[PDB]
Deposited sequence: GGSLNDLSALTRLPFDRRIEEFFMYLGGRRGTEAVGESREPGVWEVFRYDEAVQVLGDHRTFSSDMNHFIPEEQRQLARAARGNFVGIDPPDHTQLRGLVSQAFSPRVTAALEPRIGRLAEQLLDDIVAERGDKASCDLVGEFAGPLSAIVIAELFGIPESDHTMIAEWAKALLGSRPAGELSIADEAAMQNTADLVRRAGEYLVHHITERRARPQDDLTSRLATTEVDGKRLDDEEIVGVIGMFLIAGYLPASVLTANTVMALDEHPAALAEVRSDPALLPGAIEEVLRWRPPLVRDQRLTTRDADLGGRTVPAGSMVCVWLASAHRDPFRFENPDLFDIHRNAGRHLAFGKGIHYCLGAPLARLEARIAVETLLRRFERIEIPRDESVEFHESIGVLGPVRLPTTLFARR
């Protein structure tokens, strides 16, 4: 398979041979073993769905088997429920979900609008009507970090800082430990501040919501805020750029969307299917598991290829065709079951406004096929971290 080699190929051929790899295996088998010793891969839709649905058999807690005595440092941090299983997940997500109601996401739409325009005006001032820039570095990445910052009611002054903090951490080392620890210190101050004097933001809501007599404490809230930033930053920025790139690579689709921007959310859903930011989702078998005509032994790492599931012709017609008019609703880009992305509404809103603004303001968006386009190094990500473009402002 040589998956590590693919992460080093030019992005265009990385995409190619990545989907060729998945295609070949998916063609023959729903499930299979990998070169890695005790790891299985999932290639087909139904089995991907089955895996995500059956959280009992396929755990999200990678330290499931670690003895309860040696579990203290293997335990997930207070507030982080992405790496835990019911019933611990249900209670924590229950609280966060109640607080993070759809109207919290909806209310951000005007700000996201204004922020996207401001980032574009900063790029335009430096290089004029024909302005070259890094779309991820100067637009999508700041927009994703600051949007999440806005959600939690982080002061306007600290936004450029938060954007830089996110770029540093996300793109072990003593610094990595520091960034995490200092973020901790910062967020505690933010929380106690918003607990004392509340404002219309998610931090204050997290601090004041009850669910059947239960609340979140300051240290859990820190984990939640931190979890949102870590889970949400890269993928959202990648969705915004993958949309720009996918439309660029399809002039007809692009023309349709430019002429009727109502088509854009549908286009984004297609992007999520056809070039998902997060390309795999991992689980750990708690027991011997019958899947795809095969038995997966207890203790096995399972790697669910979401990207392959989306190309499964059993589930999607003409799977390898990018079609902004397709019903992409069944895609798994935001996961499925109990761990389904809490940021999915916000990401769709973030992405829609960011590309809506770029198309309205720039009549030409030129993107190279060089190695100047730098895709994120992880096999589990598919999209750029450095995307140089040339923006020609509409006359």
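According to the record, the deposited residues with no C-alpha atom in the structure span 1-4, 176-188.
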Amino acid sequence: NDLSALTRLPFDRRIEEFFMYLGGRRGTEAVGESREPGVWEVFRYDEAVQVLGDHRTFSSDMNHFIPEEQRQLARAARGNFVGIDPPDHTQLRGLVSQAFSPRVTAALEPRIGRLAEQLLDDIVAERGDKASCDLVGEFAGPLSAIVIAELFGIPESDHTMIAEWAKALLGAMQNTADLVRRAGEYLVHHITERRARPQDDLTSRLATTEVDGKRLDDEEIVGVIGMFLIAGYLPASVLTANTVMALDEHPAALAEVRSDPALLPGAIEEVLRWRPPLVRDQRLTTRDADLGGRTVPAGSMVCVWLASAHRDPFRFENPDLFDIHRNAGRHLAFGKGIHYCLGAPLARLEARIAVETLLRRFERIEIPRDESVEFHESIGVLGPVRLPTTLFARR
From here on, numbers count along this sequence of modelled residues.
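Stretches 64-72 and 324-332 differ in mean CA B factor, with 64-72 having the higher one. For the pair 232-240 and 294-302, the mean B factor over Cα atoms is greater in 294-302.
Within the selection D88, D121, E109, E269, the deposited Cα B-factor values reach their highest point at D121. The residue among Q199, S259, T105, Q174 whose C-alpha atom has the highest B-factor in the PDB entry is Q174.
The PDB entry assigns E36 a C-alpha temperature factor belonging to the highest third of its chain's modelled residues. When all modelled residues of the chain are sorted by CA temperature factor, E356 is found within the middle third. Residue-level temperature factors show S132 in the highest third of its chain, judged at the C-alpha atom. Among all modelled residues in its chain, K167 ranks in the highest third by Cα B-factor. Among the modelled residues of its chain, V42 has a C-alpha B-factor that falls in the middle third according to the deposited record.
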